[PDB]
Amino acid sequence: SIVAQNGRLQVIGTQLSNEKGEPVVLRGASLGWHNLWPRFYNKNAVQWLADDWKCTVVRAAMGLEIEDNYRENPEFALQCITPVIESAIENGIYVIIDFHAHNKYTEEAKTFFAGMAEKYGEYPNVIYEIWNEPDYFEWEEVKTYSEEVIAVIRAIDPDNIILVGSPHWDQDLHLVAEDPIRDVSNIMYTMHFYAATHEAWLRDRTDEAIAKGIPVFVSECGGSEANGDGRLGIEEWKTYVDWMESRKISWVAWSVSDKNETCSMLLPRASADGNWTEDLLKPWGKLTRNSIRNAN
């Protein structure tokens, strides 16, 4: 397994790396908002993503927005993410624990990540993603949130990777480049793209940030348009994946879900437990599976 092969991850300059310092590129898939598609938050779905899709990473999107989220129902949130985290340990793959927020929830994030850090911080599998997609904020406000949450995490878990979001749905890496978080190790900054909407500028902005010493991890992306629906930009998806592979940027495709939207990879008929035959994969599902399998 990838976790057996690589152990504890670390960030050297900009490059996500293994215990021995060799570059690591993780490729995998994100479950959708747990409060929308909770049926896929189970051990078998995760093992199936590991075995059949060849995911080296799985992302657990713990919804902080929309009905039945973590604030309104934290027991259910913890019922969903726990088997996904455990199963990633069991099957030897990395797992992103994603505080899937748009708004700023500083105190909830600290309490949640402290508990996650205590439970799971010794496992090399675990990556923290502290704020999915900050929308309408200045970078300074998101940096403060991030410094404060990182401070809490690091006190318990000194070494595991922490992924840091930025404003405008993790598009403002140029603001991060000008004012990065200092005196902190093993963090990376997230970038999210949707290939049918976001044109070449975002890749150029990301490259510019990497050049100024900003590590970049794509914790969410897709071939659909930015709303999760509309056109499947197949050529644009290839352009982005090829660009990421030449930059050794890790990536996670969105979403393992069954809504009637382009970005939902599965038909509703699909089992919660996996064994998705080709007919149960949506076009974006097939493209994601193939993308991940050929890269890994």
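Note that residue numbering begins at 1 and tracks the sequence as displayed.
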>> Can you tell me whether 203-211 has a higher mean C-alpha B factor than 111-119 in this record, or the other way round?
In response: 203-211
> Which is higher on average in the deposited entry, the C-alpha temperature factors of 136-144 or of 159-167?
Replying inline: 136-144
>> Just the C-alpha B-factor column, please: which of 184, 95, 218, 81 has the biggest number?
In response: 184
> Between 280, 287, 272, 12, where does the Cα B-factor run highest in the record?
Replying inline: 12
> Is the Cα B-factor recorded for residue 25 in the lowest, middle or highest third of its chain?
Replying inline: middle
> Among the modelled residues of its chain, does the C-alpha B-factor of residue 52 lie in the lowest, middle or highest third?
Replying inline: lowest
> Mind checking which third residue 73 falls in for C-alpha B-factor across the chain?
Replying inline: middle
>> Test of reading the entry: by CA B factor among the chain's modelled residues, which third contains residue 197?
In response: highest
>> For the chain shown, is the CA B-factor of residue 67 in the lowest, middle or highest third of its modelled residues?
In response: middle
